[PDB]
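Quick note on labels: first sequence line is chain A, next is B, and so on, each numbered from 1. The analysis underlying the following values was restricted to heavy atoms, covering all of them including side chains, and did not include hydrogens, waters or symmetry mates.
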Amino acid sequence: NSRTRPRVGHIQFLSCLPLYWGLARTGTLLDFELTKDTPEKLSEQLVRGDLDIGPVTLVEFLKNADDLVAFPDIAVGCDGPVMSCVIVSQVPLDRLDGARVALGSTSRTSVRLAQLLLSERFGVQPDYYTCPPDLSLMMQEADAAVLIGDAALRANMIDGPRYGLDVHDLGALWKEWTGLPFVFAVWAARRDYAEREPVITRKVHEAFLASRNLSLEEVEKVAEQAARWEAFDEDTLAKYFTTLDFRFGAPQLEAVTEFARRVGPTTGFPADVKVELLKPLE
Amino acid sequence: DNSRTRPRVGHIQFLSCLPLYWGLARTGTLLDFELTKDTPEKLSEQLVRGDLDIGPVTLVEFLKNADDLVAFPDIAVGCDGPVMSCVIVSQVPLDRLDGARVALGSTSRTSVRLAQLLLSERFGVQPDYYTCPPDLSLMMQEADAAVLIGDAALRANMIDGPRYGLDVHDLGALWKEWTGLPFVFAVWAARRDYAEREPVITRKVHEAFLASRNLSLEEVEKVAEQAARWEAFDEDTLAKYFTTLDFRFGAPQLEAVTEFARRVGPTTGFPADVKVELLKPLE
Ligand SMILES: C=C(Oc1cccc(C(=O)O)c1)C(=O)O
Ligand SMILES: C=C(Oc1cccc(C(=O)O)c1)C(=O)O
């Protein structure tokens, strides 16, 4: 009946590879029982109780906000381009009305942001369908596709330029539309776990912040090492890691508030949903 | 995407390899791996069938597949005397086990074979063996003795045994008494096809393991202090366990492997003189 390590999720994509570096170098990993997977699986596992703490794609957090406690000061976001959330299209976006648009199944938030932009900014109503993320296949059978993660970064930096495909950065489209930054995923504890183990939850939160901070300082070391295992080179990875925005304070919460209000009534949660933050000790 | 992919590397989830995990994390080596954590018998099955490229292999399963695996020199999971986490728990003296029931934990391949070798060829008793999931409570309700490995064995050795007045015999000590030799329970190996396709990645993985192991030897007390917060064992117990384990794999350890293989080979599924191929260093 001894104390057991928290079950902690971790996004397998490159976006959170520097964070993984920090968790390893600080020794934090030895205080976790870590699960690596794609964002939609990690969100399903946390909501279903197979994890205690982990990253949650924003839309799924909002649909479950009464049962989750978000960690302050860490998130996966951007202020302008995010580079790894894109619309790849063979035509201008305003020509997508009634066209087929493939939505990568690993996404919940970026697909909704893309749908919001296309309808409310560009005024087109495509015929959406979900499918596994595969740019080559998606382009054969759809006129445009929404991708996240490594596949999106690959479409943005490699596939797009080679084949003359338009690649629209969803963070940039949102920044153009609203002037706001964007948050794609947060870290959260299950409410029942945070109330049963307040101290473990706090130490996990603080360890994430320290590991994140360390990864910011050693971004070039992380990029050099990771470049040996990717089609991206060191400069591209370092640019990607430094373009991503892992803050989660008042300006980022303002962005979440506005996004939630615009998509709630079309996504399945109240437009004024409450985001509960983990409170520090007095 | 035809870029080079990280090696798929297995890692024993038990406490025995927790300091090594610390070393792999602290050195940053983990970011050069695609890591899979599991029990020794699953990690062995995955490597043999091709779901991993490099990983720990319980000795008996390595020897049964020695033609298809290349062992890493100078790192292994072993002992010279007690190993602490491979035990026979018995309610009677070992010499009273002839015709008695002995439960063999299903997660083991090497320690169970070593226990059978000791009981038959050293003590001369012929128990009615059976395999079951590792659970000391159930095993003791139905058997006169049980063979355990991993955390469950360490728990029987340091906690359950003393509490219930059960004899706990250390399999490493029993073998040492019988032979004067150390013992190797698991080795690290690369699949032969992976080692021949990617010699340099295999070498760098091997070197990274040695460097992570060496660091974990230096920081054993830090690792025990951290791990004690999540285990029924305290820091002193974990530190004694980590320092009792022997992770060397040179000539004296290979001598032990050779003799163990000779005594059990023809009844376990490999030649008594099976050849152990070691990863060769560069000139
Ligand atoms: C930085 C990214 O933004 C994300 C992260 C996690 C989930 C989602 C989603 O769309 O559900 C988006 C990235 O995927 O690289
Ligand atoms: C030191 C140990 O020895 C082992 C390790 C892995 C497998 C086996 C086996 O019996 O198959 C034994 C331990 O379990 O901690």
Over 12 non-hydrogen atoms of neighbours within 6.0 angstrom of [atom1] in [X]:
| X | atom1 | result |
| --- | --- | --- |
| B:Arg197 | CZ | yes |
| A:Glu33 | CD | no |
| B:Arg49 | CZ | yes |

Check: Taking all non-hydrogen atoms of both residues, which atom of A:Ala188 and which atom of A:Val56 are closest, and how far apart?
Finding: CB-CG2, 4.0 Å
Check: Among residues 20-29 of chain B, which residues come closer than 4.5 Å to chain A, judged by heavy atom distances?
Finding: B:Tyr21, B:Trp22, B:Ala25, B:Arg26, B:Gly28
Item checked: Pick from A:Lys221, A:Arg5, A:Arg3 with the largest number of heavy-atom pairs that fall under 4.5 Å of chain B -> A:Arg5
Next item on the list: Could you tell me which residues in residues 223-247 of chain A have at least one non-hydrogen atom under 4.5 Å from a non-hydrogen atom of chain B, sorted by residue number?
Entry: A:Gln225, A:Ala226, A:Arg228, A:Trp229, A:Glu230, A:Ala231
Checking the side chain of [X] only, and the main-chain atoms of [Y] only, is there a donor and an acceptor separated by less than 3.5 Å?
| X | Y | result |
| --- | --- | --- |
| B:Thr202 | B:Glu198 | yes |
| A:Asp150 | A:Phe13 | no |
| B:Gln91 | B:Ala143 | yes |

Checklist line | Residue among B:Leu30, B:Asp32, B:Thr5 with most heavy-atom pairs under 4.5 Å to chain A | finding: B:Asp32
Next item on the list: Can you sort out the partners of B:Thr58 under side-chain hydrogen bond (donor to acceptor under 3.5 Å, both in side chains), two or more places apart, ordered by chain and number?
Entry: B:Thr110
Note to self: B:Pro56 and side chain to side chain contact (heavy atoms under 4.5 Å, CB included): which single residue from B:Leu47, B:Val187, B:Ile12 fits?
What the structure shows: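 So, applying the side chain to side chain contact (heavy atoms under 4.5 Å, CB included) to B:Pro56 and each of B:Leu47, B:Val187, B:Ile12, only B:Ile12 qualifies.
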Ignoring hydrogens and angles, write down the donor-acceptor pairs under 3.5 Å from the side chains of residues 68-77 of chain B, residues two or more places apart or on other chains.
none

Item checked: Toward chain B, the part of A:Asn1 with a non-hydrogen atom under 4.5 Å ->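 Contact with chain B involves no heavy atom of A:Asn1 at all.
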Next item on the list: Tell me, for A:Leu135 versus chain B, whether the close heavy atoms (under 4.5 Å) come from the side chain, the backbone, both or neither.
Entry: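 Neither; nothing under 4.5 Å.
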Checklist line | Interatomic distance, A:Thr35 atom OG1 to A:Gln12 atom CD [nearest 0.5 angstrom] | finding: 11.5 Å
